[PDB]
C-alpha cells in the first residue's frame, strides 16, 4: 500500500514523502519543481516489481514547503544530496537505487561522488551543465509572470501535453507556487555545480539518460561526457519528464536498470 505522510528531520525540514512496496530500495528524486506526485503512476509500477519505492517533495516545494529558507536558496547538487542523506537516515534506507532528473540528476551524481556507500546505482537524467537561454532572466520579472512563463515552458517540454495537463489541478496549483522559489534558488547555481568531473563518475554504476525528443543541444554535453567516461548512456521517450509522459516505459527502465545491480 502507498503510505503518505510527513517527517521532520534534524535540519528543520518537514518533508512530505511517499513509500510503497517491499524489497530493495529505489529512491525517486524529483526534478527542480520538487513535486513528487509526478511519480504516482510509475511508483506503483515499480513497487509491484519487488522494490520499496520512496519519493518526496523537495525542500520548500509543494508539500515540503515548511522548511527553513536555507534549504531552498543557492541550491547545488551537493547541497540537496546532504539533505537527502539526512532524510534517508531517518527513513532507515541504507542503500538504494537512485533516479533524478535535472537538479535531481545533479543530486544523483553528488550522491554517487560523495556518498557512494549509499548508492547501488545512479540513474541521472538530463544533468544541467549550462544555463539555457530561455531561463537567463527568469528571476528578473514579477513572480506571477514567472509562474506563467515556467508553466508554459514546462508544458512545452513535458513530452506529452495531455499527460501534463492530466497531472491535475491540485498539482498545477502547487507548481504555481513553486515556480518563483525555484527560479530564485536553482537555475543559476545548479548547472555550475554539476558533478560531472571524472572524479565524480566512477565510484558506483551509473546509467545516464537524455530525453528522446529533447532538442540535441540542451543536454548534448551529457552524452559526450558519458561516452568519454565509458558510462552507459541512452535515451528515454519523452523530454524533460519521462515519468509523466511515459510512465510505463519509465518504470520499466528503472526496474530493469536496478534489477541488474542486485546481488
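Residue numbers count along the first chain shown, from 1.
S.K.: Which has higher Cα B-factors on average according to the PDB entry: 102-110 or 164-172?
M.R.: The recorded data point to 164-172.
S.K.: Compare the mean C-alpha B-factor of 117-125 with that of 133-141 as given in the PDB entry, and name the stretch with the higher value.
M.R.: Mean B over CA atoms: larger for 133-141.
S.K.: Within this chain, which third does the Cα B-factor at residue 214 fall in: lowest, middle or highest?
M.R.: For residue 214, the deposited C-alpha B-factor lands in the middle third.
S.K.: Lowest, middle or highest third: where is residue 253 by Cα B-factor in its chain?
M.R.: For residue 253, the deposited C-alpha B-factor lands in the middle third.
S.K.: Using the B-factor values recorded in the entry, state whether the Cα atom of residue 239 falls in the lowest, middle or highest third among the modelled residues of its chain.
M.R.: It falls in the bottom third of the chain.
S.K.: Lowest, middle or highest third: which one holds residue 247 when the chain's residues are ordered by CA B-factor from the entry?
M.R.: Its C-alpha B-factor, which the entry lists for residue 247, ranks in the lowest third among residues of this chain.
S.K.: Taking the values exactly as deposited, rank residue 76 by C-alpha B-factor within its chain and report the matching third: lowest, middle or highest.
M.R.: Lowest third, going by the recorded CA B-factors of the chain.
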